[PDB]
Amino acid sequence: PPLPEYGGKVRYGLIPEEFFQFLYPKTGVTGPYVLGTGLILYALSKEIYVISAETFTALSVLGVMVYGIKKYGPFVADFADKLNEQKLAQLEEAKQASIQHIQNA
Amino acid sequence: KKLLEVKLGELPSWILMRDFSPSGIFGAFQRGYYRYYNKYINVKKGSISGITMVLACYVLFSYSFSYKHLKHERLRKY
Amino acid sequence: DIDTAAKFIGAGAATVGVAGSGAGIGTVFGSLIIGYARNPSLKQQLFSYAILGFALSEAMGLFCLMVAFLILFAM
Amino acid sequence: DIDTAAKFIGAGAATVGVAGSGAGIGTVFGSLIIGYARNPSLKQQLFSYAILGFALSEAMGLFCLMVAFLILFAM
Amino acid sequence: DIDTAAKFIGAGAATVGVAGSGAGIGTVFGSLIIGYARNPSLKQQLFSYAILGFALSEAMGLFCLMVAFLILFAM
Amino acid sequence: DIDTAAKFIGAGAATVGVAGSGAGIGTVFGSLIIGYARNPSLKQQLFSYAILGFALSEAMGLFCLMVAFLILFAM
Amino acid sequence: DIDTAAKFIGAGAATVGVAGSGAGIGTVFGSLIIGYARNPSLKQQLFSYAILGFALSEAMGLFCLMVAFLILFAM
Amino acid sequence: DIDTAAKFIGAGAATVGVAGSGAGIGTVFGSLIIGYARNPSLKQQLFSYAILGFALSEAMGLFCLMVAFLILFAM
Amino acid sequence: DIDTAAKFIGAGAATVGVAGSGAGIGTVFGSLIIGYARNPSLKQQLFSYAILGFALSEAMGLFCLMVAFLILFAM
Amino acid sequence: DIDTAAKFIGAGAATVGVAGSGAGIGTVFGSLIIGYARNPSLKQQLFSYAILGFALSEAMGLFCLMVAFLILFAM
Amino acid sequence: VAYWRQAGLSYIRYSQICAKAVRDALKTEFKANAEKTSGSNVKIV
Amino acid sequence: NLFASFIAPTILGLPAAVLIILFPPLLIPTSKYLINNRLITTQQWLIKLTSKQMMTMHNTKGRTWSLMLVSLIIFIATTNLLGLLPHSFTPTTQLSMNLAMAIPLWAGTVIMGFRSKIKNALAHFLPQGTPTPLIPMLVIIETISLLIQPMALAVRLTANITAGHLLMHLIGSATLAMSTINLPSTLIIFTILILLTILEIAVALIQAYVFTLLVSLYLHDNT
Amino acid sequence: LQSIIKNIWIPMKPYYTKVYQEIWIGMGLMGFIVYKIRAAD
Amino acid sequence: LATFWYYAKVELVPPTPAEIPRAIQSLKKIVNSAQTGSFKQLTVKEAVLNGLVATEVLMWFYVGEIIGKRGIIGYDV
Amino acid sequence: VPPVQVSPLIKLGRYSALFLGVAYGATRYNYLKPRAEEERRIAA
């Protein structure tokens with residue numbers, strides 16, 4: 001069975017487009033965003049999210065992750081695609097080779 | 001026709017019609033894993049979002065059990 | 001209270017012993033510079049050794065820190 | 001009384017540990033001089049290796065300043 | 001009351017002696033790097049020596065740590 | 001009373017740590033001599049690196065002295 | 001008692017003299033690696049020297065450990 | 001009466017930091033020997049560099065000695 | 001009493017100074033290995049120098065031990 | 001009562017600093033071995049430098065001993 | 001391994017370039033005889 | 001207070017450490033296909049590179065541990081990397097888990113060396129050309145080395161990972177404590193924290209590789 | 001019992017029975033050490 | 001930028017005085033459906049959607065609270 | 001992407017909740033500052 005060609009259309013690497021489409025009818029385009037900002041402000045206002053040293057280690061590792069992704073993402077995607085293309089080319093070559101061998105026989 | 005998937009079925013009896021067995025919960029978790037995997041990971045030309053979403057859920061879980069320690073670091077009292 | 005005082009003193013003393021790992025890591029990476037300047041076509045394998053060397057010499061220093069904490073928090 | 005005294009002594013003993021960082025930096029940059037005199041065309045790679053070695057020696061010194069501050073403030 | 005304090009201080013002092021093994025492991029693996037950059041055909045035997053050297057140098061450090069524990073826990 | 005005494009002891013312990021910068025400057029200038037004897041045409045760039053080395057290693061030593069004085073007078 | 005306390009601290013101090021033997025074993029085996037990379041046809045002779053060097057460096061270290069015990073147990 | 005005792009012990013500690021300058025001068029002049037054996041026609045400039053390196057290492061050692069003498073006499 | 005306590009502590013501290021002898025012996029015999037691998041025709045004379053070097057570095061360590069036995073047993 | 005005890009402890013701590021001259025002498029004579037195994041016709045001048053280097057490295061050690069004998073006896 | 005050997009050259013080509021450079025820097029009183037004495041004339045088949 | 005991130009986590013009273021230790025293999029999906037997605041492609045390339053690195057130096061009997069050593073390095077590296085995320089609990093900071101990883105493998109290698117190989121197993125404690133008057137001493141040394149190898153394994157992992165985390169946390173506190181004070185100094189401390197984060201990623205991978213390489217060498221000395 | 005030992009124990013049998021025997025002895029040793037540690041605590 | 005406002009002018013604005021009767025009628029419809037228990041006709045999809053919108057308006061209330069105590073984190077005193 | 005004229009009920013609820021939040025925030029700020037000062041003084 002062949003795989004699809006694209007994934008699930010995530011936004012910001014965290015939330016899929018299905019959520020934005022699901023809130024589009026009742027709360028429009030800014031609905032999900034005001035829900036997100038409201039939840040963030042309620043979390044860090046009622047001190048559900050306690051600001052500590054882990055906030056800054058979190059910001060550091062998230063910055064390193066976003067930078068590393070934006071930088072070495074094209075390279076890793078192209079590397080995987082080229083690995084698959086080389087394997088496919090080698091396989092097609094080795095199939096035609098045996099066809100030619102039996103035709104020669 | 002009470003096999004209606006949740007998000008389509010309004011009833012509480014549906015809640016008790018499900019297979020709340022160890023094998024049933026195992027099948028439920030495995031079906032969820034394969035739904036996520038087929039939607040986000042098991043595609044060609046896939047994205048890194050299928051991993052960063054897992055890592056975000058992991059960080060949320062990690063914060064959940066780290067709250068009993070952080071609630072002593074709150075900077076207000078109410 | 002003399003026990004906590006000696007805990008602080010012994011923790012500082014135990015921490016002294018990380019100078020060895022600092023110096024040994026300097027040695028490992030300086031030798032990496034040299035050996036790479038002599039045979040740059042081996043840059044990969046040489047670097048591997050450097051990593052290994054680093055990970056071992058640093059190890060010793062952390063042992064010191066271990067004792068430091070064993071003295072400072074776990075008596 | 002005696003606890004703050006021991007805190008000062010332990011802070012001094014813990015900051016002793018960056019002597020190794022100083023010696024390792026000396027070794028790294030001396031080996032950089034040597035390796036550059038050998039192969040003066042790899043100036044950039046040799047300098048990058050020297051920067052890496054210097055950073056790692058400074059990390060081994062940071063592991064001593066950590067215990068210095070854990071003695072001095074967070075007993 | 002005072003002897004436990006001296007046990008803490010003596011254990012810290014005794015574990016200071018792991019700096020030598022840190023530096024010695026640094027030297028061993030730096031020289032492995034250099035000697036392999038000079039003659040990469042002996043990569044195995046050279047590496048063997050390194051391990052030997054490491055396993056001996058580190059040994060001394062453990063000696064120190066041994067005494068540290070023998071002052072901190074046994075007597 | 002005892003606090004000033006431990007301040008003296010801690011400043012002495014902290015200034016023990018300039019030995020690393022002494023050894024590192026020794027290493028840097030020895031390697032400058034060696035690398036200039038090998039490639040005396042790089043006399044300028046070599047010296048630059050030596051300067052840089054003497055600027056970093058000594059810095060570490062200076063840090064120690066700073067800490068020492070910070071224990072002796074300020075905090 | 002205060003004499004046994006100082007026995008602990010003095011043994012812990014005298015144990016630091018093993019850092020020298022650790023660093024010296026590191027140096028002897030790094031130089032064995034380098035001398036075998038240079039002239040691999042003397043692997044026997046070199047190695048003999050190596051052990052001899054080791055046997056001497058560790059010797060000094062042992063003295064320190066010995067001294068330590070002769071402050072902890074003898075007197 | 002505890003201040004004078006602390007000054008003695010802190011001055012001993014402070015003067016420990018001369019071992020670094022000793023080892024650094026040893027390194028500078030050993031490298032002078034090696035660099036003169038390779039290129040015996042740069043003897044004057046190699047000796048100039050050796051004088052500079054020895055001056056800086058001795059300077060660090062004298063900083064340690066003068067901190068010791070500042071503690072011991074001038075508080 | 002306090003004086004015999006300090007005698008134990010000072011003997012241990014004085015004994016610490018054998019680390020330099022250990023490291024120097026290691027350096028001397030490692031350089032003997034290297035110089036014999038390079039010019040095996042000079043072996044005899046090289047060994048001579050090694051002996052001399054050894055006999056000198058150890059001598060320094062001996063002084064340290066002397067001071068130890070000057071404190072622990074004589075004065 | 002405490003001054004003589006602190007004098008013993010400071011004398012030990014001060015005579016610790018001979019490790020630097022021990023290591024420096026080891027380096028000087030190892031470099032003599034190497035530089036002579038390279039170009040033996042210079043054996044005189046090489047040895048001359050060694051002596052000089054020796055007499056300077058050991059010089060630092062004496063300073064340490066001086067302070068020891070300044071603390072132990074002259075005060 | 002020098003930079004030119006990494007680039008695939010040889011010591012014969014290195015020597016050739018270095019000798020040609022030393023010849024180009026000769027004052028013209030010696031230059032003609034120098035380029036005649038060391039010039040190649042063989043052709044490859 | 002300071003070691004709060006190394007305490008066995010519990011959510012609603014249950015040992016969440018079990019889930020945290022079972023999670024790493026979930027990030028390695030496998031497939032029967034011949035040409036599959038980018039994640040499995042990159043992971044299979046990495047696993048092949050790792051196997052060739054770790055296992056080429058072994059003979060036919062040491063190469064039976066390919067599965068074991070590749071599983072060890074993958075498990076440790078993924079655990080150490082997942083320990084870098086915010087608020088996470090890293091099980092490799094625990095001396096219990098690291099002792100249970102180190103003692104079985106080292107003991108298995110030495111018992112494999114004493115079952116077969118017994119002549120060479122007992123001969124290994126003495127180097128080949130050791131001079132005579134030193135034969136006793138070098139047997140007291142080597143022996144204790146063989147007896148500290150397991151502990152010095154576990155500790156070397158624990159003491160490292162723990163320490164790294166501690167350092168980062170402390171620097172984090174610094175930034176927080178400096179947020180209400182001079183902001184350029186806060187940015188300098190934050191840049192130190194970023195460099196430390198990159199160093200901690202490197203150390204995660206390096207510690208996985210070094211634990212596995214030392215186990216591999218103990219195996220190589222007994223096959 | 002079915003489809004578990006078909007997907008867990010049939011693949012891992014060559015290793016559990018032949019390759020890791022010494023690992024199993026060493027794991028017994030580790031359990032003994034851990035019992036001595038927890039009991040003296 | 002400005003697209004935020006392009007959507008906010010239609011969505012994130014207060015209700016004009018002309019459409020408050022519509023809101024009153026909708027509130028009456030909701031309370032009537034709650035009275036007669038007719039909400040058993042609402043699939044859990046739409047139930048979740050309504051719950052999310054109610055959570056959003058509660059977050060509006062809490063944002064109004066943080067703008068009414070002049071301090072974001074907790075209570076400044 | 002076209003906007004959505006949201007339901008006037010949701011809109012009125014949004015803004016009424018916001019204003020009630022402003023009210024409650026000011027109210028509890030004034031309710032809590034005296035007790036806070038009282039506790040900070042009695043803690044000395």
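The count begins at 1 with the first shown residue.
Looking at the header, which is where the method is noted, we find electron microscopy, 2.5 Å.
From the backbone N, Cα and C atoms, a Cβ is placed for every residue, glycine too.
Feature annotations, courtesy of Swiss-Prot:
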- I:16-36: transmembrane segment (TRANSMEM)
- I:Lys43: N6,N6,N6-trimethyllysine (MOD_RES)
- I:51-71: transmembrane segment (TRANSMEM)
- I:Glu58: site 'Reversibly protonated during proton transport' (SITE)
Task: Cα distance (Å, whole number) from the residue listed as 'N6,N6,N6-trimethyllysine' to I:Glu58 (site 'Reversibly protonated during proton transport') - done: 22
Task: Surrounding CB atoms that lie within 10 Å of the CB of I:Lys43 (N6,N6,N6-trimethyllysine), all protein chains - done: 16
TODO: Reduce the DSSP letter at I:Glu58 (site 'Reversibly protonated during proton transport') to three states and note it down.
DONE: helix
Open item on the list: I'd like the Cβ neighbour count for I:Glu58 (site 'Reversibly protonated during proton transport'), meaning other Cβ atoms within 10 Å of its Cβ, all protein chains included.
Closed with: 22
TODO: With H, G and I counted as helix, E and B as strand and the rest as coil, say where DSSP puts I:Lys43 (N6,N6,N6-trimethyllysine).
DONE: helix
